[PDB]
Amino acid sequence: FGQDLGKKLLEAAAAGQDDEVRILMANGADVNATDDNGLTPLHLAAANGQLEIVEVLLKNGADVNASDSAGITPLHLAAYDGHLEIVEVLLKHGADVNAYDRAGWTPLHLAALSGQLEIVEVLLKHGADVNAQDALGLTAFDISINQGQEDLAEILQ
């Protein structure tokens, strides 16, 4: 029963159980399973900062650019929650550095929103659109300025 196995894979990934992810994978569960809202094991592993599990999902062919019904991707989640190593890797495996979610946010908007310096650096390195605009016509520049961190706005010009 793949459903049960998929739900088991999702939780183990989110929970950072290296060993367990190995048992489900070597035992048939789909690395590309989804929940009711289109979340995949990679989304959850990138959200929670589980690096080694991110590596093993990609090696076995998990889609690096999977999106939920709100248009969220693993790169969105890793950048809002401050997981740099995971950002580094995602991009190495081809993550779309300029994907937009439902609110019209990119991973640049998102790193600005919770104020990650080192993650803003890597994104501009990999071609992030410093003039991308969200549903409300705002940039990652406008944002950090609203929030009062001039230095970031300085680097995000």
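Quick note: we count residues from 1 along the sequence shown, nothing fancier.
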Mind pulling up the entry and telling me whether 145 to 153 or 14 to 22 has the higher mean Cα temperature factor?
145 to 153
Do the C-alpha atoms of 34 to 42 or of 116 to 124 have the higher average B factor in the entry?
116 to 124
C-alpha B-factor winner, where the candidates are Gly28, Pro107, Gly94, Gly61:
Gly28
In terms of CA temperature factor as recorded, identify the highest of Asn131, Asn98, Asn65, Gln50.
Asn98
Ranked against its chain, the third holding the CA B-factor of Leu9:
middle
Compared with the other modelled residues in the chain, in which third is the CA B-factor of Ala140?
middle
